[PDB]
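Residue numbers (this note's numbering), protein chains in the order written: chain W, 32 to 83; chain Z, 19 to 122; chain S, 973 to 1549; chain P, 973 to 1549.
Ideal placement from N, C-alpha and C gives every residue a C-beta, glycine not left out.
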Amino acid sequence: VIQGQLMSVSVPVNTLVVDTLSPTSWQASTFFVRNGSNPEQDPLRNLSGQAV
Amino acid sequence: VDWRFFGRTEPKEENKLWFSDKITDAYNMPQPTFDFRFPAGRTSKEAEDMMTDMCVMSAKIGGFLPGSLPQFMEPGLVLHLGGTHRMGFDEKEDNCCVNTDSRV
Amino acid sequence: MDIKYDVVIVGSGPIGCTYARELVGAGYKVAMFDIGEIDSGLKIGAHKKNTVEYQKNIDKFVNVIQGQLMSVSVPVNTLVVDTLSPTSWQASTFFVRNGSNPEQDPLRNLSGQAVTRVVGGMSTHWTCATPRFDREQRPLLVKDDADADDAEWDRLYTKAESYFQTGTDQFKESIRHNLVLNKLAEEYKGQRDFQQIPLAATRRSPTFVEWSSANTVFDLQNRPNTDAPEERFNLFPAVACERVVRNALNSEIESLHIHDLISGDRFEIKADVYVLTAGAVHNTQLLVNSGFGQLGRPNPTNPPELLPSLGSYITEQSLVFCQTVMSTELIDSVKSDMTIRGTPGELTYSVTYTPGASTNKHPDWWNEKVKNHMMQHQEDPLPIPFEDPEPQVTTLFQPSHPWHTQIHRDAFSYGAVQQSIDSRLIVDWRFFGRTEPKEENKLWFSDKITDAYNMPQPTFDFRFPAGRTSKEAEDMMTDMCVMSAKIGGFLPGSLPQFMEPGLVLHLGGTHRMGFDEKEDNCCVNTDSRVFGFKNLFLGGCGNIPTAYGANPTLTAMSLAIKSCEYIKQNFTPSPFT
Amino acid sequence: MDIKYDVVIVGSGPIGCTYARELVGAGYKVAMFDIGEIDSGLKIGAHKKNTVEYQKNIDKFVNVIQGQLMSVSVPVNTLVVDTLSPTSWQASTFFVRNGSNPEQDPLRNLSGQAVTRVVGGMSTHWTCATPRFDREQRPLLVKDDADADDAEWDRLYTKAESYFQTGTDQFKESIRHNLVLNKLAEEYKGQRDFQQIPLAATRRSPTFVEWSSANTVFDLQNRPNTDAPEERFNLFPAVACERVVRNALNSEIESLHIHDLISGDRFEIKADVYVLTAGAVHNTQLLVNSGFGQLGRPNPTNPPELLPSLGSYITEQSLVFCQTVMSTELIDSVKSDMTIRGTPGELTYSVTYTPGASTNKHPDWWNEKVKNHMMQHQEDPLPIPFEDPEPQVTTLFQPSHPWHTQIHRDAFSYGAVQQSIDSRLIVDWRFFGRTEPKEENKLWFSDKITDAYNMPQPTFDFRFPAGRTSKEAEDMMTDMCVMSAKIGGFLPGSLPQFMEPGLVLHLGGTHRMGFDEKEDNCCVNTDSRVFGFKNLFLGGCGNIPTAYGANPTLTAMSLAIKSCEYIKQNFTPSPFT
Ligand SMILES: *Cc1cc2c(cc1C)nc1c(=O)[nH]c(=O)nc-1n2C[C@H](O)[C@H](O)[C@H](O)COP(=O)(O)OP(=O)(O)OC[C@H]1O[C@@H](n2cnc3c(N)ncnc32)[C@H](O)[C@@H]1O
Ligand SMILES: *Cc1cc2c(cc1C)nc1c(=O)[nH]c(=O)nc-1n2C[C@H](O)[C@H](O)[C@H](O)COP(=O)(O)OP(=O)(O)OC[C@H]1O[C@@H](n2cnc3c(N)ncnc32)[C@H](O)[C@@H]1O
């Protein structure tokens, strides 16, 4: 219940590597802004656990 | 038994909450961005001394549960943010936003 | 250490040992250098699996494999660790650390790609699958004469198989093997052929297989010796070879610069003939460090003076993997010749079959094993003997399924949360696709960043090519899903998936072969001779210029055999002392 | 093979090699048998970490170790997998499978306990820490004379230290080592003393350390040879020793029954002297299989004829573990003597210091290393050189802190979530607690279930004794949390934790030593002679009867040296034929 109503304030751009996609799948050539990421955010100067 | 220790953070001018002039959140509002580091000196020192204290104290009750070993939580998971619009007596001398009647 | 040799071979894997076997045998004075050390026992460069302990504890050999795989190129790490103590030193950037390569784009890598520096190279740990390539996968050796090209490949393959001790009958008395093979043969009756994976291996007993390696090809002992009093060979382990020195005309190699890693010092070693068999990656690194191709980030504005195709058109295979848990119908079929009376555990319990009956679905050897296990182990609920050897099944590459298949039990991938399931139920599935050679797919070497041996850091610029390569990969994955369902369902934790690029370790095309340097965009001819150079040869998967699905080693060895024939015809062995 | 030996030694670990060094050197005709095979290159029994490749890729050796640790007792798996395809075969019970031991209570186990089957034993992979036990941890060799007991232990330890090549200077010029050492010295000034871990090793160069092994003690080459022409030794690898035969009176050993694993044949070997050095677990196994102690599940109602304490009073240490990330404070102190002009990356950038200046905090050699690193690698944010050797710090066991400590970088434990942090920052902490011998803590061997070598399956019945052992273990965990915080905070993924029981691999007391078989509930005397038996000797950690925290190998070796003194006094070498 708690997790279902804590929305993250500021989530950095995701840079996890996923290299086991099928060759056939659409694949990014950059770590572009997606899934609600905030491109302004320095991931090492964040309160990543902060939520509203 | 759960053990939680909360340490205090020295208020620093460089630690900031700001808002983007380009990126917006799900309500079309200027998106919040943090520029935050636990201050060096007392905050950092107290924070490690606090870890030790928990480790010492909890041992009088039992050993740690596997899976829940002593750790620092992600910054902000505690959800006790303060000082974003702080109170003081005087706007310039106390670097603040409201007086003691919470008036801007 | 001697000053002058007839032949000098860089690297002691199975390709390097092919050269040594031919040239030492023909009376050349041969020196061989390896950067790695004598490792796996008194038989030098032998298979590490050939111990009693590993064949009794097959789950543990994965650790041996992982222990000699060193990642080729590891991007800068950008994982966020934000639960450190405030007191801990933390940098403010994802700086270059821990052997990372800052030249490597993480989205265009072969992150699974790895190297092995030990005497015997990767043949101390490999799976020993040695299939032949059919026409559609192999380079031409003779132009415009399919039949002569066939006869030449057959001749080389026959020789290579003989050096490696390749056979197809080591698993003929395995229940699990024949169970799976027979089922798949039936299911694809009139559509696909199934057989045992050709394995470089010899059975010694029903519980022990002597797996082949570099040692099988050439035993790596110094000569002259008691059993070979007229041969000359020296192996120098822990010697990093750093470059071949070109003459000013680029017509011949003048020496080999080495670095002895025990003593610390460096030498110039002289030979009539120089052979590079340091692997697809390290052959190329040595060549680039020697002035071939182009150092640094590629740029077509300043095209290299030598071997412009070096490090281009690199191929690596797509690999899909899963494991299955044998079906009820298949396990029940193991005892279909048995008459069973009473309950296990009771005094009255009886399991029999009629030996040599026309109506028996299984041979006498199978039924006898099953009967004995069921009688002697009545607590056990499975009809498969505890000591039954693993399955080793393939349906080889064909135009209507252009992928290699392995349906087997690999030493690699052992894991233990799904080890709640009886190992007798488990079968591995590995499908390998082929990859079109494309100019943009490159292996190149940093002009600033060095590896752990002070050499130019390897960097990949690789993506699986759109078109046929990508389509065939998706069709393959589907094919494995369809085929494996015939045997059983997926084992949880080992669900169908693409493996990380390069983890298959079948890299080819880094120094590819062809008839003509310009027209075939290549680095060596069909004698494996570097274009322009009289006395420099390259061996290994790096020569293979085509899109191939099967394991390449045997094909590489065949090419090395042909290269030695050229050497034997064009260079004179020195007089014995 | 051969007929008759003076001395026969079972096991080629460092303890077996101690008996070989003494006895072969004293003129005895010695044969040694090991169930495992030659595994570490041309130097028989050597440390597998002594290759250039592993000292450059220290992260990979963890695999080598894991690859030769076979779990002693694995309980029946009851993990539930319910997401199998309905089509897959599934059993309706958690039946005995995959090598599980059904005798094993999963809650009274040493799950982490494991054994190595290779020539050289566990010394082919061990960490090499060899500290002495003080009085409180060690068995008495002399009654009622603490100064004579001290002198005897000092004499034996000194000889053992010489065979193992023990020293405390191999890491003296590491900045990380001294960074840590000096900080803890300062923090605990006048309470605890800190030093380098005593290590069986010899430094070969700034980057290479020759770790000691069995090979260091005895080279294991067959004698007679060129360098030992009047010595007689034969090593026989891949021979499972199965039984020692007791004579009618239970006063002597008549023979040893072996199983050659290559041929499959079994043999009866005769000698004057029989030495069992097969490890704490397999010594017991072999003895129980030979009619000593009691076969099968324990029952008091029918006590054993011989050696009733065999396999009781077993001890294993508690082990807590974490890793830390160096504090900002300590990192900054590394460069405190530097003056910095200009910006890094420019030709104008200048890092200097003043040699011999009294205000300097660090010696000249330290400042020279920092300066050169900072000048040569200006894009690096850390002042510690890339090639700087790991820390090797300990505060030895004392009454006020009765645990052994290692503050260091171990091969074991290398992960991949947390390799985001520069390795120069990371330090390992391992505290080892002592365990009181209790009769109810047991190693016993199944009368029905067998192992991979068809021997009685080992089973543990072990829990950490209540009282002092438990209290000390928790105080120890606290001690590590308090101490480690002086250096840095915990590394995420490597938080303070107890390790799986038996992972530390320091099992002792399985065939324990004492003066009197009845009064001291023991199996061997102080010459390691089995009571009642003139010519049977046991060597290894199983002899140690005490609660001990420190690494036991040096102590067991000291015991074997004492034991060889008795043998030399009581058996005549056969004449050199
Ligand atoms: C790791 C592996 C490989 C493998 C496999 C399974 C595993 C786990 N399964 C295979 C299979 O079923 N069928 C097959 O055909 N191949 C399979 N492989 C790969 C196979 O082992 C390799 O294709 C083959 O071993 C390559 O042979 P090659 O002789 O060309 O090269 P190598 O084995 O990598 O050894 C090269 C030697 O060179 C030494 N070296 C490297 N650099 C230098 C320098 N600079 N100086 C001196 N020596 C050098 C390396 O030490 C190595 O020994
Ligand atoms: C694995 C390990 C061990 C270790 C360590 C770190 C690791 C990763 N760190 C240590 C340390 O820092 N300090 C220390 O004192 N010890 C440390 N250890 C443990 C140490 O390696 C062992 O205590 C030591 O090696 C034991 O010596 P020992 O000679 O008594 O026993 P062994 O090494 O286990 O060798 C036994 C040999 O006997 C053979 N064998 C077993 N059964 C049979 C039978 N039936 N027949 C014939 N031979 C047999 C085994 O093959 C083995 O070679």
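{"Asked": "is_contact[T1055/S, chain Z] using C-beta, thresh 8 Å", "Found": "yes"}
{"Asked": "Whole-angstrom C-beta distance between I1234/S and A1210/S, which should lie under 8 Å", "Found": "5 Å"}
{"Asked": "Per-residue burial, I79/Z [other beta carbons within 10 Å of its own, 16 or more giving buried]", "Found": "exposed"}
{"Asked": "Under 9 Å from the C-beta of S1227/P: neighbouring residues of chain S", "Found": "Under the 9 Å cutoff, chain S gives no residues; its nearest Cβ is about 24 Å from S1227/P."}
{"Asked": "Environment of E1240/S [buried if 16+ CB atoms lie within 10 Å]", "Found": "exposed"}
{"Asked": "Run of the alpha helix (DSSP H) containing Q1062/S, from where it starts to where it stops", "Found": "Run containing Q1062/S: none; DSSP gives neither H nor E here."}
{"Asked": "For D1382/P, the nearest candidate out of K1021/P, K1001/P and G999/P (CA to CA)", "Found": "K1021/P"}
{"Asked": "C-beta atoms of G1521/S and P1371/S nearer than 8 Å", "Found": "no"}
{"Asked": "Residue nearest to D1400/S in terms of C-alpha spacing, selected from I1312/S, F1432/S and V1292/S", "Found": "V1292/S"}
{"Asked": "The segment 1192–1207 of chain P touching the segment 996–1015 of chain P, judged by at least three CB pairs closer than 8 Å", "Found": "yes"}
{"Asked": "Backbone CA spacing between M1094/P and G1008/P [nearest angstrom]", "Found": "11 Å"}
{"Asked": "Chain-order list of residues whose beta-carbon lies under 6 Å from that of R1313/S (same chain, five-residue window excluded)", "Found": "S1322"}
{"Asked": "Proximal chain S residues relative to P93/Z, where beta-carbon distance stays under 7 Å", "Found": "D1054"}
{"Asked": "Among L1221/S, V1053/S, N1222/S and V1245/S, the one whose alpha carbon lies nearest that of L1228/S", "Found": "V1245/S"}
{"Asked": "Whole-Å CB distance - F1384/S paired with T1407/S, under 8 Å assumed", "Found": "Not really, about 21 Å apart at Cβ, beyond 8 Å."}
{"Asked": "Cβ-heavy atom distance, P986/S to ligand 1, below 7 Å", "Found": "yes"}
{"Asked": "Own chain partners of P1078/S with C-beta closer than 7 Å, once the 5 adjacent residues on each side are dropped", "Found": "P1047"}
{"Asked": "Residues that DSSP places opposite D1433/S in a beta bridge", "Found": "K1414/S"}
{"Asked": "Three CB pairs or more closer than 8 Å across the segment 1455–1469 of chain P and the segment 1278–1286 of chain P", "Found": "no"}
{"Asked": "Residue burial classification, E1025/S (beta-carbon count within 10 angstroms, cutoff 16)", "Found": "buried"}
{"Asked": "Residue span of the alpha helix (DSSP H) that contains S1530/P, given as start and end", "Found": "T1525 to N1542"}
{"Asked": "Ordered list of alpha helix (DSSP H) runs contained in the segment 1325–1384 of chain P, each at least 4 residues", "Found": "1336–1348"}
{"Asked": "Assigned secondary structure, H1254/P (DSSP; H/G/I helix, E/B strand, else coil)", "Found": "helix"}
{"Asked": "Selection of the segment 29–50 of chain Z by Cβ proximity to chain W, strictly under 7 Å", "Found": "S38, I41, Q49 and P50"}
{"Asked": "Every unbroken alpha helix (DSSP H) within the segment 1269–1319 of chain P, with a cutoff of 4 residues, ordered by chain", "Found": "1300–1305"}
{"Asked": "Proximity test, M1094/S beta-carbon vs ligand 1 heavy atom, cut-off 7 Å", "Found": "yes"}
{"Asked": "Which listed residue (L1397/P, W1061/P, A992/P and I987/P) has its alpha carbon closest to that of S1305/S", "Found": "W1061/P"}
{"Asked": "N1507/S beta carbon near ligand 2 (any heavy atom closer than 7 Å)", "Found": "no"}
{"Asked": "Heavy atom of ligand 2 within 7 Å of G1139/P beta-carbon", "Found": "no"}
{"Asked": "Any C-beta of chain Z under 8 Å from that of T1300/S", "Found": "no"}
{"Asked": "Separation of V1389/P from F1066/S, as counted between CA atoms", "Found": "15 Å"}
{"Asked": "Near ligand 2: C1453/P beta-carbon under 7 Å from a heavy atom", "Found": "no"}
{"Asked": "Contact under 8 Å by Cβ, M75/Z with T1055/S", "Found": "no"}
{"Asked": "CB contact below 8 Å: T1059/S versus chain Z", "Found": "yes"}
{"Asked": "Bridge partners - residue 917/S, DSSP secondary structure assignment", "Found": "With chain S covering 973 to 1549 only, the question about residue 917/S has no answer from this structure."}
{"Asked": "Chain Z contact residues for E1446/P, given Cβ-Cβ distances below 7 Å", "Found": "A77 and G81"}
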